[PDB]
Amino acid sequence: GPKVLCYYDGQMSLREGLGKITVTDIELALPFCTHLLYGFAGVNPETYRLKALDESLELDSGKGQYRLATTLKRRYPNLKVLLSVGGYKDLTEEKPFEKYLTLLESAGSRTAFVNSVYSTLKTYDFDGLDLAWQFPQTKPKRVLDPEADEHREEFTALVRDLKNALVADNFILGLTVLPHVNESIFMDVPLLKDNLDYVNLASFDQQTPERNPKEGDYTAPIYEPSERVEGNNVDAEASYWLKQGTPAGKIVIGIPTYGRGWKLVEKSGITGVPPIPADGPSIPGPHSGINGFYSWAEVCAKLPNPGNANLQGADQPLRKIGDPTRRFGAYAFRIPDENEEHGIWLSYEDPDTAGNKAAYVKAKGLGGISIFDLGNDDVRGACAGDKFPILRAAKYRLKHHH
Ligand SMILES: *[C@@H]1O[C@H](CO)[C@@H](O[C@@H]2O[C@H](CO)[C@@H](O)[C@H](O)[C@H]2NC(C)=O)[C@H](O)[C@H]1NC(C)=O
């Protein structure tokens, strides 16, 4: 059956107010998921063993959230609970990818990591590992790894080692290719595929305020928008893996549940059409405090709704631009006023466009979807009354014809 890999970022239980999303809060999502990917573990740069990113939260000596997550497998029949390592959330050094490269460089360091994965899965009763490896990201338009060729071969060996250590206990091992990770530099697909239960293509964040502060564009297109960066769309990345010989059933497509916003200025123009000049991220989400980053509930609150129908200023509803091609995605915007104020351009996933991605997976015979992430879906049903609308629309279109 098709996979639905649902990420829960445990950091969200640390948030304040309506930003706090706990394990309990995401339980209503679990009937729609085949796997719960608990995010995120990291790597100790001195021992190369797995580490929790917040020990006080995750470990038995603290709040024990690892075990709260794995207990879910005893209340939701057939649900598999994996631990995801990396995800670009392991951010404790100035170059957060460096330890993900040096780990690969010796049998001793690879073995330390493998042994620490096995011990961690057993200790906390995880069902397997999602390898969301923090390779360096390709630089934004305007050398990535001088030892890329060495590291590519060492990564094949690491994945082989993990598989051989995990197989006796039937632990799941999957690979997640994070945004802007170039597989043709770092990954030997024909020598990886046989050791992986899935390959999850996190084909989103194609444009972001952090990488492209001066230009807004579609964050998660299915196909290539005209004259964009070749490869940076779902169809291109899935086809890359297929053309390397990967079984279609092993390929899973990542779907974001969030939006990213850019501040608009005078040089942005007045049409809202991308790519659009900008000046960094827009205002932080009301419930998270993260600049230019919005959960689906936060995006939907900015779109035309009865509460803000005739509101003005920072509250004036955004203009939605639907995508009739269904190839590129939705965006919404407010042109800056005559004082260059309150301008925002927001590219986001919604239930309809997430459904389009799941329907693409079904039509192409791929293996499933992943959801990045449950807590950025509309957990509480604030947008339209229905909880987990993005997840539910994607799951529905993954299995039901249009
Ligand atoms: C990933 O790396 C490869 C090289 O390993 C890049 O390959 C280039 O692809 C473009 C088309 O997108 C070609 O015009 C170039 O001739 C290719 N060069 C090489 C050396 O192969 C690829 O573009 C990279 N992709 C990203 C997104 O960075």
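In listed order, ligands and their atoms are each counted from 1. Values reported hereafter were calculated over all heavy atoms of this structure, with side chains retained and with hydrogens, waters and symmetry mates removed. For reference, positions follow the sequence shown, starting with 1.
The existence of a salt bridge linking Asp125 and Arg74 is confirmed by a sub-4.0 Å separation between a basic side-chain nitrogen and an acidic carboxylate oxygen. Between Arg152 and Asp188, at least one side-chain nitrogen of the basic residue sits less than 4.0 Å from a carboxylate oxygen of the acidic one, meeting the salt-bridge criterion.
Distance check on atom 7 (O) of ligand 1: every protein heavy atom falls at or beyond the 4.0 Å cut-off. Shown here, atom 23 (O) of ligand 1 is out of close reach of the protein: none of its heavy atoms lies under 4.0 Å off. The nearest protein heavy atom to atom 17 (C) of ligand 1 is not closer than 4.0 Å. For atom 4 (C) of ligand 1, the protein comes within 4.0 Å by at least one heavy atom. Within 4.0 Å of atom 13 (C) of ligand 1, not a single protein heavy atom is present.
Ring planes of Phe40 and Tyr7: parallel class, angle under 30° (limits at 30 and 60°). Between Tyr348 and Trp296, the ring planes lie parallel to each other; the angle is under 30°, not in the 30° to 60° tilted range. Between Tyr331 and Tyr218, the two ring planes are perpendicular [angle over 60°; tilted spans 30° to 60°].
Taking NE2 of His402 as the reference point, atom CG of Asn356 lies at 8.0 Å (rounded to 0.5 Å).
If you check each of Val181, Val229, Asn182 against atom 1 (C) of ligand 1, the one with the closest non-hydrogen atom is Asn182.
Listed by number with element, the atoms of ligand 1 under 4.0 Å from a non-hydrogen atom of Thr138 are 28 (O). Close approach of ligand 1 to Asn232 is summarised as follows: ligand atoms under 4.0 Å from at least one heavy atom of the residue are 27 (C). Below 4.0 Å from some heavy atom of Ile185 lie the following atoms of ligand 1, by number and element: 2 (O), 5 (O).
Heavy atoms of other residues, nucleotides or ligands lying less than 6.0 angstrom from CG of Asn164 number more than 12.
Atom 10 (C) of ligand 1 has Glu230 OE1, 4.6 Å as its closest protein atom, hydrogens excluded (heavy atom only).
Residues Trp262 and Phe293 place their aromatic rings such that the two centres sit no closer than 6.0 Å.
Judged by the shortest distance from any of its heavy atoms, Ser184 lies inside the 4.0 Å radius around the atoms of ligand 1.
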